[PDB]
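Data first, discussion second: the structure below is written as structure tokens.
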Amino acid sequence: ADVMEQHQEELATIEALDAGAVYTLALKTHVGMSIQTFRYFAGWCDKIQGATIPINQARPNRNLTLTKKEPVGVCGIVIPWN
Amino acid sequence: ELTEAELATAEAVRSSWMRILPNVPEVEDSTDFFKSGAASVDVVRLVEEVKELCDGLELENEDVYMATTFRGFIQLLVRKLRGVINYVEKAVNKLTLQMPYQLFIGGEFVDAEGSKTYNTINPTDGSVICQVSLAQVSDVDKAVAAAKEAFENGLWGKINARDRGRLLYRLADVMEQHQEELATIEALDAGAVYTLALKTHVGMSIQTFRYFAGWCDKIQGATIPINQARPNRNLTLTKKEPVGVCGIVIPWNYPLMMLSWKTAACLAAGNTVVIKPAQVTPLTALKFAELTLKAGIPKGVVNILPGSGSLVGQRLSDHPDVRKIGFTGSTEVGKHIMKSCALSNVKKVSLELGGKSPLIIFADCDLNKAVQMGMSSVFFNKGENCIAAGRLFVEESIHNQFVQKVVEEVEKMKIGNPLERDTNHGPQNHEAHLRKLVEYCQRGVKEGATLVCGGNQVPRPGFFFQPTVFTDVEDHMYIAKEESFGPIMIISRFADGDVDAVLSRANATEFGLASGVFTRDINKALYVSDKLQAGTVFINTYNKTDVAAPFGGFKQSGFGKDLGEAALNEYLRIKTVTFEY
Amino acid sequence: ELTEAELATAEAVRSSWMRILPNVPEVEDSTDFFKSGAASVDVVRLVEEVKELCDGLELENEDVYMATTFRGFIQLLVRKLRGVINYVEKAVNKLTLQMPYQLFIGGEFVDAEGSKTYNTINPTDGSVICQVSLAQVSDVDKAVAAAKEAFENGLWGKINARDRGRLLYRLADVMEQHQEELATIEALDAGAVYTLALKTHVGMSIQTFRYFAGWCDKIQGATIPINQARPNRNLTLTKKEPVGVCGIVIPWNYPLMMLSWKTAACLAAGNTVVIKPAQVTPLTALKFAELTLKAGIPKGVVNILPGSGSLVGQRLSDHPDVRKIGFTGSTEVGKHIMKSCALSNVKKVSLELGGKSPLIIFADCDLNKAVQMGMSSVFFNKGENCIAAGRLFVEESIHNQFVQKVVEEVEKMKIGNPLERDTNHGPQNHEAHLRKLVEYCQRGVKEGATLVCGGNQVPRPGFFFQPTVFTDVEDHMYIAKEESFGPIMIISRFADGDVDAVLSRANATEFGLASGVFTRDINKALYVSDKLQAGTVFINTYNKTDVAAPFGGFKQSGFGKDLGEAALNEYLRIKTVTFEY
Amino acid sequence: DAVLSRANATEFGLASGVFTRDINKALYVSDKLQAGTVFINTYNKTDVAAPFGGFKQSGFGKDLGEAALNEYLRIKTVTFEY
Amino acid sequence: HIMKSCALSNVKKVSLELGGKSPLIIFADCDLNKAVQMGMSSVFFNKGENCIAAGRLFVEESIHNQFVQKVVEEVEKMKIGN
Ligand SMILES: *SCCNC(=O)CCNC(=O)[C@H](O)C(C)(C)COP(*)(=O)O
Ligand SMILES: *SCCNC(=O)CCNC(=O)[C@H](O)C(C)(C)COP(*)(=O)O
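Chains as they are written, first to last, in the authors' numbering: chain A, 493 to 574; chain B, 315 to 397, 405 to 902; chain C, 315 to 397, 405 to 902; chain D, 821 to 902; chain E, 657 to 738.
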């Protein structure tokens, strides 16, 4: 995001030539929310908590249960043109 | 003793165990069921097998977990095959009541040290309605011991969270069956109107237990993603465990509701509890204790000790076994609880020390709706409400119009016997409080506030009080600053289109529990909702709390919520297990 | 008609309304209760007032919300003052059953288009146990219409979340009263053993509804802190709304349990539902539909349509009113549901398409515990389990010892009538399935699987199958790759102290629903738990799911969880309201 | 109700809006509008933290906010006994 | 066609944002001057190319003629070019 912030005037220009988005809007929206998005989700990375569930103990034997939030693997993203 | 018929069944039960359990080389007297290797399916395969041998029987899975050994099982099976509470009767509201008048320590009604009692007052008549047992320091230590026994050694701690819920849900269904009974007791003990008692006092009590019962088995922890000590792996997780023993103290304005609000939260977390009901209103709590036995709550979970606040309440804060207090009442008494909490064993504390709730009213409002809500803010449950509308900041464009409507509607409000359905405004609680409200209104007029209507006692048997109104009230006055804690509407003018000016006046108060604002204009509503320094803001309504909605103080009103998901996090603690591999 | 006695009470009810409501200039026939200005306290003050006039009455708050106008109220009050299901009887297991044999569309048992029926089979005997109504395309559209009517127009949508919970909790308590009945029907219809049916099939069904009932009024959204358009303020919040109509399709392995797992989640979210029970096992679902009336579920909420999968199941995916499908069964049929979901109205989909679940066993393990869990992994509910242990990767140090113990314990396992408590292993479901299992074991021996024991039909009246075992099983073989869906233990050797090697073999599978690993060594356990590509890993246990614990596929096993908090997020949708001020 | 009948009469329904001072109308209309991203006295006021997605034919599965992660994650469920 | 191929392959997950048709109700209670700029900034935002673009504008009959007449003036002001 900080690298995209340094090249934000560059990306805003490329948006205007490629897409046709207005340079003023490109900084606030097209590049601005792009920077914000990466800054946001970067934050999430190490707060993606699971859960320890309280479940029926097979009495008198004890039973711990928990959830791990794992990644799926490979993501095939397709994006629009707008 | 073991007869011939019992030996025939005993050998068939031994023959079952051989077939049920996997290896089991010999089923000895000493041999255990679960140690051998038995899943929870084998517990049901056992019980159903015995129900073929014995016709009636009536056996459940609970007793199998208790009686693990063969000696214990056969002793239990044979026992049942071959094998009283003191009330105060009163026929009122077409119902023969059965109010307990004693302590409640470990699922057993017992007298105090030396059978020391005191009178509990009926504010409808004025006469006494039975003598209640006054709790002593010796009795407190038995209750805390019974609580600690129930938590550590007892059944409460062992059983599942889902089980605690199933019990707590039945407790609500038991309270639902005796809801007309509890509603009657509320009217006699507290003075709450019977119609309101069903909807609020008993209604939200039922809802509360039904709610928190639900939570029991959904109190999830968290597996944290943390810095792996590479290349070694590191799993981390949190368990939400119960604290232990909870020393709840409740106010007098709502006997049964405030009990439920705190109790149900503790019991859902998985805590044993030592409730301290208000001296002037114990009978609802003692009746609630009777119901715990019928619901099937283990004995020692709930403990109830009616008595003086300084005697009982102070011992709970000192006693080091208790790890949680949840006080709610006066500010000067409430700070003395938190002081003793420090000099004891650093126990957790949650406070709801009254308030002084503002209620802004703009010209954008409907007016006709502002009146009924303006009354139902102040004059609700005989005025006795912790979130009672303190000051009513009404706009100058509709001050004269608003007040004139209220005065008409105040005269309509029926006053009388709280059992009767005609009555809207009921009588106050203890007399000690009534005399304070008279001096409060006297002081209001003496300071310089225009008494519109009310402001004095009604000459009639009972401890009734007239719905009072005050107009032309400056911020410097006494009644503006200090809370009434009664049916006293305190109206204040403010200039037309002055949003920040009235907010400055409204927030200018060290107490700030709840607040409100009536308006159509969404820009004002949502703006004022942010600026008002109060934990429970209302918009186009008032006294619209819910068991799911959290509720708590900000400034001197206190900290630590009650009701909702937040309520549990007080009465729970968070263990943090960490592995490496 | 309105007599003299009724007019006397009617004018007293008019006299009440005048006193209850604030302004009310005239109480006309047309005049409404709530429009005038009435809080929820006034609803209770009304009902209790009428119970003074009329002695018996038996009035509740529900009917006041329905009958708002004075005409509607007096018509309703007078109506009650002055003012049959076709079963199949069968006396078995000391209980006279009452199994419905028809459809269930809008709280009403009705026949199909032309009274088209089919035989449902009892696998204990082999003979038929009554004819069941075969659902058609014309009937499906009535059910979806009844669902859409119930959601949009009906009572289900209007009432509170807390109310939906109170109904769903009573549904569990009603299912608890008829738990011995449901357990019997399971044994006749499915062939699940009566002892297991109480603990699992009916037991978890009860637990499930009790659980999700709890959730109803705790399905919290979120107020997001977002970029304020300074100096203008911006409030943002999320509402968790219900989707609408849910087209659930369930498998045959668990008739009542898999129904509850999906149904209870939908109903807790606040959805009307159109269940499609399995053709071969409908009777439990139809019996469940009878109980919804007793519980007091509004008519149109639950809809049940027994019939062919291609006829009924395919129409639900096409029909645009339905906004959610929750299929569980075979892969080739389940993929065809998701295909039709796309070419319709991009409706949501959740899948649980089998699972070739591995189960590693190390030398560190106890061995005696590994056997009973090794059996209870594979041989559980007549072998018919979606999380049944496919391959058992047992270590070479204790392969010969482990197998030799199993062979002894397999011979002990009682086989016979599932109603009788002696029986451990019950008979299979439909006969079509039995013949496939015979070819499966034949194909094993043909491709080179050492039949240790079992692997053929039992000479007996009924559709029984011997507990099978296979040893010396390579990864290239058929039985190793493809799932059995039956009581067939498939053991595989692996080298001593080869953790990554066996994990490579275990994860080498496109299906991966559940998995397990038995070991004392915590370093192995927690390592293997991470590496195993399966949604429900077990450690020193197996078939230890819970209603609170989430549960779902990863790869071809599918996506979208059932059970737990995650289950709701399928059958909910998240609105995002945003203000500016 | 008449305009809400017309407004919701559409198989596509991603976002929506309503401009009004009257809070009774705003909050009522916010509930009734069948759209995943309702606006009140504003429009095109999304945020990286605020979730955003379709309802009907607009689709399913959110992007932006905490909800976005739950698409691209999977939830393992480890269970012990002791 | 993406979701169809996702079925007959390896039963993978899918999230869709298939355009929309976003309504925008406007009552007489509204400010009007704020409705215009937001009414434009709903539709005419990023060269009109927006998945949450204001489809239909349900404006009230009391302020239909007044609203439209303001928009026409403000549309002519909107600069067009590089
Ligand atoms: S000290 C805690 C004080 N609690 C209350 O005042 C809450 C009592 N209120 C209610 O039970 C409901 O909010 C009532 C007054 C019945 C209104 O709800 P209704 O309009 O559904
Ligand atoms: S297709 C879904 C399959 N579900 C199951 O196999 C879950 C059935 N298991 C149970 O009900 C319990 O986990 C049992 C087997 C009774 C063991 O629990 P107990 O040791 O408390």
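Idealized CB from N, CA, C, for every residue including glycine.
8 Å Cβ shell around residue i - same chain, five flanking residues per side excluded
{"i": "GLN749 (chain B)", "result": "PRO444, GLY512, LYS703, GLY704, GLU705, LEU755, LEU758, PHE784, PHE785, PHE786 and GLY807"}
{"i": "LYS845 (chain C)", "result": "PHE683, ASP685, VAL820 and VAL838"}
{"i": "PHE875 (chain D)", "result": "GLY833, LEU834, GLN854, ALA855 and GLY856"}
{"i": "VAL566 (chain C)", "result": "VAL465, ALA468, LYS469, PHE472, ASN592, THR593, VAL594, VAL595, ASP642, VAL643, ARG644 and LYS645"}
Paired residues, beta bridge with residue i - DSSP
{"i": "residue 404 (chain B)", "result": "Between 397 and 405, chain B has no modelled residues, and residue 404 (chain B) is one of the positions in that gap."}
{"i": "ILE442 (chain C)", "result": "C:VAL449"}
{"i": "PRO563 (chain C)", "result": "C:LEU893"}
{"i": "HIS746 (chain B)", "result": "B:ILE736"}
{"i": "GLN528 (chain B)", "result": "Beta-bridge pairing links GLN528 (chain B) to no other residue."}
{"i": "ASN624 (chain C)", "result": "C:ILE426 and C:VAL595"}
{"i": "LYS411 (chain B)", "result": "B:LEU418"}
{"i": "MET810 (chain B)", "result": "B:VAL790"}
{"i": "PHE714 (chain C)", "result": "C:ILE681 and C:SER813"}
Own chain partners of residue i with C-beta closer than 7 Å, once the 5 adjacent residues on each side are dropped
{"i": "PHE387 (chain B)", "result": "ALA381"}
{"i": "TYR799 (chain B)", "result": "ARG764 and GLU768"}
{"i": "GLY542 (chain A)", "result": "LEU558, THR559, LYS560 and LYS561"}
{"i": "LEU371 (chain C)", "result": "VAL364 and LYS365"}
{"i": "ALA616 (chain C)", "result": "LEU488, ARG491, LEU492 and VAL495"}
{"i": "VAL341 (chain B)", "result": "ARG328, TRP331, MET332 and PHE384"}
Counted within 10 angstroms of its Cβ, other Cβ atoms place residue i as buried (16 or more) or exposed
{"i": "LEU509 (chain B)", "result": "buried"}
{"i": "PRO641 (chain B)", "result": "exposed"}
{"i": "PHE384 (chain B)", "result": "buried"}
{"i": "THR317 (chain C)", "result": "exposed"}
{"i": "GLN600 (chain C)", "result": "buried"}
{"i": "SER526 (chain B)", "result": "buried"}
{"i": "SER813 (chain B)", "result": "buried"}
{"i": "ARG841 (chain C)", "result": "exposed"}
{"i": "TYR863 (chain D)", "result": "buried"}
{"i": "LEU664 (chain B)", "result": "exposed"}
Integer-rounded CB distance, given that residue j should sit under 8 Å from residue i
{"i": "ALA606 (chain C)", "j": "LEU580 (chain C)", "result": "6 Å"}
{"i": "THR529 (chain C)", "j": "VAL868 (chain C)", "result": "5 Å"}
{"i": "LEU519 (chain B)", "j": "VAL358 (chain C)", "result": "6 Å"}
Any chain F beta carbon closer than 9 Å to residue i
{"i": "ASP821 (chain D)", "result": "Among the chains of the structure shown, chain F does not appear; the protein chains present are A, B, C, D and E."}
Residues of its chain near residue i, where Cβ-Cβ distance is below 6 Å and the 5 sequence neighbours each way are ignored
{"i": "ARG636 (chain B)", "result": "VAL458 and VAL461"}
Fill in: Where the stretch 676-700 of chain E meets chain C: residues whose CB sits under 8 Å from a CB there
Here the close residues number zero.
Worksheet item: Using a beta-carbon distance cut-off of less than 8 Å, what residues from the stretch 493-510 of chain A approach chain D?
Response: Under the 8 Å Cβ criterion, the stretch 493-510 of chain A contributes no residue.
Practice prompt. Would you list, in chain order, the members of the stretch 531-548 of chain A that have their beta-carbon closer than 9 Å to a beta-carbon of chain C?
Written response: Here the close residues are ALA543, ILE545, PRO546, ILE547 and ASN548.
Worksheet item: Going along the chain, which residues of the stretch 480-493 of chain B sit with their C-beta nearer than 7 Å to a C-beta in chain A?
Response: For the stretch 480-493 of chain B, which is checked against every Cβ of chain A, the residues closer than 7 Å are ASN481, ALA482 and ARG483.
Worksheet item: In chain order, what residues of the stretch 871-894 of chain D put their CB closer than 9 Å to some CB of chain C?
Response: Cβ contacts with chain C come from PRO871, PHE872, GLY873, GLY874, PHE875, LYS876, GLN877, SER878, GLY879, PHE880, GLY881, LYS882, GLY885, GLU886, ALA887, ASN890 and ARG894.
Worksheet item: Between the stretch 547-565 of chain A and chain B, which residues of the former have CB atoms less than 8 Å from a CB of the latter, in chain order?
Response: So the list reads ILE547, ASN548, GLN549, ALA550, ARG551, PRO552, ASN553, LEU558, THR559, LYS560 and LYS561, given in the order they occur along the chain.
Worksheet entry | Residues, ordered as in the chain, of the stretch 842-858 of chain D that lie near chain C by beta-carbon distance below 7 Å | Hits within the stretch, in order: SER850, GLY856, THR857 and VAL858.
Fill in: Residues, ordered as in the chain, of the stretch 827-843 of chain D that lie near chain E by beta-carbon distance below 7 Å
Contact residues of the stretch 827-843 of chain D toward chain E are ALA827, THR830, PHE832, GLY833, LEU834, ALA835, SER836, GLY837, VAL838, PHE839, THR840, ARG841 and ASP842 (C-beta to C-beta distance below 7 Å).
Worksheet item: Closer than 8 Å, Cβ to any Cβ of chain D: which residues of the stretch 517-529 of chain A, in chain order?
Response: Residues passing the 8 Å Cβ filter: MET525, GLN528 and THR529.
Worksheet item: Using a beta-carbon distance cut-off of less than 7 Å, what residues from the stretch 445-473 of chain C approach chain E?
Response: Going along the stretch 445-473 of chain C in chain order, one finds no residue with a Cβ nearer than 7 Å to chain E.
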